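Participant: Can you read through this structure? Questions will come right after.
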Amino acid sequence: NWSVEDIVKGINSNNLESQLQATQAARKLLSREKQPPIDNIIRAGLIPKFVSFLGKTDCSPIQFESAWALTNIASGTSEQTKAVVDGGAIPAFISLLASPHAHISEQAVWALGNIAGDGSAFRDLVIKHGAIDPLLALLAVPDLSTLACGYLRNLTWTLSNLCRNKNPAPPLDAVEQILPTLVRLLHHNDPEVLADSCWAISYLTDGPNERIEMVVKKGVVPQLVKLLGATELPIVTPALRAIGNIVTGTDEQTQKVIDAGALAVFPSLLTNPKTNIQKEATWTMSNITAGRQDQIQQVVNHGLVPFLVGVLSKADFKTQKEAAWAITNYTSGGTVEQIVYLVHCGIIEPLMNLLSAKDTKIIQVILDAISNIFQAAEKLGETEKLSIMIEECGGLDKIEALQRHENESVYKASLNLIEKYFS
Amino acid sequence: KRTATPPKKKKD
């Protein structure tokens with residue numbers, strides 16, 4: 001449990017072994033659990049010394065200790081990672097990546113992962129120094145099983161961070177250089193490797209449809225669905241996020257998701273005990289019901305409309321908001337037959353009960369959905385029956401009360417409905 | 001249509 005001053009005295013000596021001991025003391029000090037002294041170590045000016053030690057090919061232990069210490073420093077605030085980067089650590093770690101000693105290279109992977117995880121700028125800087133080539137060279141083996149578990153996990157997490165963050169998104173050339181190894185890692189059996197790969201794919205699918213197309217062309221959607229059916233939540237969460245991001249794009253990408261068999265999993269996702277899983281699944285359903293009428297009909301065929309009715313009847317308010325969005329998209333883009341089927345599944349009562357809330361946006365969404373349903377009824381000449389139904393459930397009172405809402409669109413919609421169909 | 005693993009991690 002050395003002091004900062006003792007570590008400084010040791011590192012400033014002209015003895016390689018004394019420097020090694022002081023660097024190990026620094027590592028152990030920065031490895032503590034309760035408030036490691038990162039800021040005090042930075043103020044002592046020890047980062048350049050560790051960076052210099054990184055290059056002592058003749059003394060592997062000092063390389064390892066300085067790498068560990070710099071890793072733990074770069075794991076903190078953006079300012080501390082900036083200190084590490086300003087010390088010149090990126091090229092030294094990239095050089096260490098090719099060390100004959102495996103633990104040194106693993107520590108280099110770890111440090112570069114932290115630096116890239118800082119944000120977009122440091123990610124692009126790590127990429128510019130040329131880390132992707134040696135990193136992927138570490139994984140260029142016939143069978144990933146020959147590599148050590150921790151080594152592979154750290155490599156996967158570092159790559160996931162190299163795929164992470166937006167504004168700007170990762171350079172396209174780097175994504176193309178990384179994607180094959182990411183696909184090979186997405187087929188590995190270790191749960192942590194799988195979760196990190198799914199998070200990387202999630203990051204890469206968040207953005208314009210061209211990035212989504214990059215990912216989908218690699219043919220990873222079936223594996224993403226398979227993992228969506230996984231038992232480990234750490235795997236299902238990123239897989240569900242990736243599938244949702246994929247279906248936020250073109251109708252053909254959403255259709256590739258559907259062909260993979262994703263809908264079959266949603267009965268359990270829309271009833272999943274974890275609120276976030278339910279919310280993400282309902283949002284995915286909302287973006288699927290905004291697609292083609294063929295895709296709406298595929299939502300119907302899989303028996304997912306009753307599950308949406310259920311979510312609308314009882315769920316977290318945010319999941320209920322996503323469900324109202326899904327219903328309004330369904331009604332806007334659906335056939336008269338599909339809107340009728342939706343009514344027969346019992347949407348009117350829950351959708352009305354949700355008009356007594358205090359969120360103006362959902363009130364507008366619901367009134368728009370009801371306008372669409374009334375339009376379909378007019379198409380079939382059943383406007384009066386729908387009116388009787390919205391009455392018996394106690395909705396008419398809700399609409400006539402919304403007529404007195406501060407918002408203008410709520411006022412207009414409530415009135416319009418009352419006067420057109422209820423008078 | 002409309003629109004996590006720790007970024008940084010310490011050793012020990």
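How things are named: the first chain in the structure tokens is A, the next is B, and so on; residues count from 1 in each chain; ligands count from 1 in the order shown.
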Using only C-alpha atoms and a cut-off of 7 Å, which residues of chain B sit close to chain A? Please list them as a VMD selection string.
Facilitator: chain B and resid 1 to 2 7 to 12
Participant: Keeping C-alpha atoms for every residue in the selection just given, could you write it to a file as a PDB file, in the first residue's frame?
Facilitator:
```pdb
ATOM      1  CA  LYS B   1     -41.992   4.631 -38.101  1.00  0.00           C
ATOM      2  CA  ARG B   2     -40.223   6.189 -35.105  1.00  0.00           C
ATOM      3  CA  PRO B   7     -18.184   1.756 -22.041  1.00  0.00           C
ATOM      4  CA  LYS B   8     -15.163   1.633 -19.705  1.00  0.00           C
ATOM      5  CA  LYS B   9     -14.191  -1.154 -17.315  1.00  0.00           C
ATOM      6  CA  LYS B  10     -11.480  -1.411 -14.674  1.00  0.00           C
ATOM      7  CA  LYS B  11      -9.238  -4.383 -13.914  1.00  0.00           C
ATOM      8  CA  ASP B  12      -9.488  -5.723 -10.351  1.00  0.00           C
TER       9      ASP B  12
END
```
Participant: Quick one: of A:375, A:360, A:301, A:320, who's nearest to residue 280 of chain A, counting only C-alpha atoms?
Facilitator: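 Comparing A:375, A:360, A:301, A:320 against residue 280 of chain A, the winner is A:320.
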Participant: From the list A:136, A:369, A:396, A:201, which residue is nearest residue 333 of chain A when using only C-alpha atoms?
Facilitator: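 The shortest atom-to-atom distance to residue 333 of chain A comes from A:369.
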Participant: Write out as a ChimeraX atom specification all residues of segment 143-199 of chain A that backbone DSSP assigns to alpha helix (DSSP H).
Facilitator: /A:149-162,172-186,191-199
